[PDB]
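Sequence lines, in order, name chains A and B.
In case it helps, the UniProt record's numbering puts the first sequence at residues 189 to 378, 387 to 454.
In case it helps, the UniProt record's numbering puts the second sequence at residues 189 to 378, 387 to 454.
Note that CB positions come from ideal geometry on N, CA and C, so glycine has one too.
Down below is the structure, laid out as structure tokens.
2 protein chains.
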Amino acid sequence: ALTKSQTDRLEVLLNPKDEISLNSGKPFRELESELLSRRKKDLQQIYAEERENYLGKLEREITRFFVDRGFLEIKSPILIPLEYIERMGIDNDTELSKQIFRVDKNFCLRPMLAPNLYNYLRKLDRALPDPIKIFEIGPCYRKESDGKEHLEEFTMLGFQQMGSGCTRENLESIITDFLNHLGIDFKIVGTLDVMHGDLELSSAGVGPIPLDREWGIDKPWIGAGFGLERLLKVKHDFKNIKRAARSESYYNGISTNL
Amino acid sequence: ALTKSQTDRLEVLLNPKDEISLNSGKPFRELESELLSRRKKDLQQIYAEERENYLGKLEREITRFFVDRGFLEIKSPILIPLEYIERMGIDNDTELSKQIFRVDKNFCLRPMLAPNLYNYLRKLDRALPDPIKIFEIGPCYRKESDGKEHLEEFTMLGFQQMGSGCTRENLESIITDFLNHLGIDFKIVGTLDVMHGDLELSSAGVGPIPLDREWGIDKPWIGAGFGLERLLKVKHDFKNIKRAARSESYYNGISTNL
Ligand SMILES: Nc1ncnc2c1ncn2[C@@H]1O[C@H](COP(=O)(O)OP(=O)(O)NP(=O)(O)O)[C@@H](O)[C@H]1O
Ligand SMILES: Nc1ncnc2c1ncn2[C@@H]1O[C@H](COP(=O)(O)OP(=O)(O)NP(=O)(O)O)[C@@H](O)[C@H]1O
Ligand SMILES: N[C@@H](Cc1cccc(C(F)(F)F)c1)C(=O)O
Ligand SMILES: N[C@@H](Cc1cccc(C(F)(F)F)c1)C(=O)O
Ligand SMILES: [Mg+2]
Ligand SMILES: [Mg+2]
Ligand SMILES: [Mg+2]
Ligand SMILES: [Mg+2]
């Protein structure tokens, strides 16, 4: 009989498509040696042929999608003024209020892209023709209870369109084309949320809303935010989102502790 | 005569290749209106035709280079254990000691890639054939005095090879092919530093060194780290590195305050 510790160890080495039944009579040392050999060969194959990181490759694929659909690629600060959080309407009695990683006195690691996107929409409206279409992909940070769907350090896609054409129908069409392009099953639940079963892939919004005024925004808009690691978790059928994270423990979902 | 404040404003709107002499008799309001029109059209052109962010595009170009030369693409945590800094030999009497952005009690924003790359070299040596070739591109953070060559939030390329072939000659060849591929003039000064005039583009190293033992490393290695914003600063002839940063004030080196 395998111990709980022994099966924890074998699960770390098990990949979702592996056709190995641990429940078999063979001893731990044999099962472990078999999985070690498979995971080493998986890494050798990546090293020999493709060599691209899941998270980076997904970011490049998403970037190509939105650039081709006419969205401007934004790269804005990750370390943002703490005042952006309050101006987002976030204070006591909101969950996000307590999830913020603070740096020094006046700064924090961004938990969301909306502040910087708001600022870019306002400034670019003075230069660019209607409608204004932008997106950003990059790190975001939230303090979280241990979860199989939550990382404290994750990667967010955010996209926003401002001006004409900002209808719910057009928003659902962007989401639908995007996730069909990636090959990720979903349902849109209606603000609106893009779900994979019980897992939230995205929350999306249709403006205007009263908050827009604080940011100097006075036009209709549509937008959404997606976690890339949740997308990888669904696409690759990982049982825990840690396999998709920036990590020293997993490479493209393969254990690095061999 | 233009005030210092007025010329500060016009310089924000001036692009390096602009053939406009501010020294001309025309009044501030006219010069400003002329530059505003040029910068707006520069942004319209980006929005119409390419739409890619300088920093992201450079990252993708560098990624393609190293992947094609056989380096594995790494994406590891940006928020790292504070213990990695001490184990790097960094304490009082080192500059970097005081430059660290600390988060909570046991963590910090990484100021360097060497800790995570060291850990990846050690773990991948159990799976991959010799030599082991990896690279990473991503955010790094250092507290800095105001500088025209320094950002507090920047982007670092790090690459490292471990095992056979780790000679100084092979290291200089990687650097030389890389910067000739990007079109960036340089000189190698000899550890070794890759300089553009007085601007340091890279510091590079040849192991083994005694520090390797703390990280479980016992093979020869070569590697280097490059700041992407310094590369963009040289390539685009920006007078201040802020034009290349993650920013809300500049898009591809064009002022967003129009
Ligand atoms: N801690 C996290 N780890 C991974 N992805 C996250 C995390 N927090 C948010 N996301 C993703 O980022 C998207 C935009 O943020 P948001 O809509 O605020 O998520 P959320 O409301 O916190 N969903 P949830 O925390 O699961 O109840 C979400 O739809 C998720 O896909
Ligand atoms: N604050 C910064 N802003 C932008 N790039 C940086 C910064 N700090 C380091 N870099 C880049 O990262 C590379 C690797 O880090 P490192 O060799 O430690 O730089 P460095 O020794 O601090 N050079 P310098 O700070 O200018 O005296 C450097 O060669 C720079 O190109
Ligand atoms: N509220 C989260 C997710 C989100 C939701 C809807 C619209 C956007 C955005 F992309 F338009 F910003 C983002 C965030 O701000 O990142
Ligand atoms: N000392 C810095 C830069 C550096 C220098 C030489 C080698 C590397 C590396 F890529 F091999 F890590 C990195 C850092 O650690 O990022
Ligand atoms: Mg949450
Ligand atoms: Mg949500
Ligand atoms: Mg320095
Ligand atoms: Mg140096």
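| request: Tell me whether A/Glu-220 counts as near ligand 6, meaning its Cβ is closer than 7 Å to at least one heavy atom of that ligand. | output: Distances from the CB of A/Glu-220 to the heavy atoms of ligand 6 are all 7 Å or more.
| For A/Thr-251 and chain B, any beta-carbon pair shorter than 8 Å? | Judged by the 8 Å Cβ criterion, A/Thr-251 is in contact with chain B.
| request: Using alpha carbons as the reference points, say which of A/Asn-307, A/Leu-246 and A/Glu-207 lies closest to B/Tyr-447. | output: A/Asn-307
| message | Let me see if you follow: with CB-CB separation under 8 Å, is residue 384 of chain A close to chain B or not? | response | For residue 384 of chain A, no position is available: the coordinates of chain A end at 378 and pick up again at 387.
| Own chain partners of A/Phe-374 with C-beta closer than 7 Å, once the 5 adjacent residues on each side are dropped | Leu-367, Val-390, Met-391, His-392 and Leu-397
| field | Per-residue contacts from B/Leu-231 into chain A (C-beta, under 8 Å) | value | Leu-312, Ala-315 and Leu-316
| field | Residue nearest to A/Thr-452 in terms of C-alpha spacing, selected from A/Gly-213, A/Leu-190, A/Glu-218 and A/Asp-230 | value | It is A/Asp-230.
| Which residues does DSSP pair with B/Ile-322 in a beta bridge? | Note: B/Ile-322 is bridge-paired with B/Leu-260 and B/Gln-348 in the DSSP secondary-structure output.
| Cβ of B/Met-344 versus every heavy atom of ligand 2: is any distance shorter than 7 Å? | yes
| Between the segment 317 to 330 of chain A and the segment 328 to 342 of chain B, are three or more C-beta pairs nearer than 8 Å? | No, the segment 317 to 330 of chain A does not touch the segment 328 to 342 of chain B.
| query | What are the residues that DSSP puts in a beta bridge with A/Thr-343? | reply | A/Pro-327
| Strand pairing of B/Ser-398, partner residues [DSSP] | B/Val-390 and B/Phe-422, per the DSSP bridge assignment.
| Which of the three DSSP states, helix, strand or coil, is assigned to B/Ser-285? | helix
| task | Decide yes or no for the touch test of the segment 251 to 264 of chain A against the segment 432 to 439 of chain A: beta carbon pairs closer than 8 Å, at least 3 of them. | result | no
| query | When burial is assigned at 16 or more other CB atoms within 10 Å of the CB, is A/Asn-241 buried or exposed? | reply | buried
| In chain order, what residues place their C-beta within less than 7 Å of a heavy atom belonging to ligand 8? | B/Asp-389, B/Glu-396 and B/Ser-399
| query | Cβ of B/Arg-310 within 7 Å of any heavy atom in ligand 7? | reply | no
| In chain E, what lies closer than 7 Å to B/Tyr-235 by C-beta? | The displayed structure is made up of protein chains A and B, and chain E is not among them.
| For B/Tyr-272, which residues in chain A fall below 9 Å Cβ to Cβ? | Ordered by position in chain A, no residue passes the 9 Å Cβ test against B/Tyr-272, which lies about 10 Å from the chain.
| Using the rule of at least 16 other Cβ atoms within 10 Å of the residue's Cβ for burial, across every protein chain shown, is B/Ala-420 buried or exposed? | buried
| So, helix, strand or coil for A/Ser-333, using DSSP? | Of the three classes helix, strand and coil, the one that applies to A/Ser-333 here is coil, per DSSP.
| field | N- and C-terminal bounds of the beta strand (DSSP E) containing A/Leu-297 | value | 295 to 297
| query | Going along chain A in order, which residues have a C-beta closer than 8 Å to the C-beta of B/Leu-454? | reply | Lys-311, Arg-314 and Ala-315
| query | Using a Cβ cut-off of 7 Å, which residues of the segment 264 to 297 of chain B contact any Cβ in chain A, in chain order? | reply | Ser-264, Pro-265, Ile-266, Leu-267, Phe-289 and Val-291
| task | Report the neighbours of B/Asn-436 on chain A: residues whose CB is nearer than 7 Å to its CB, in chain order. | result | Correct list: empty, because the minimum Cβ distance to chain A is about 16 Å.
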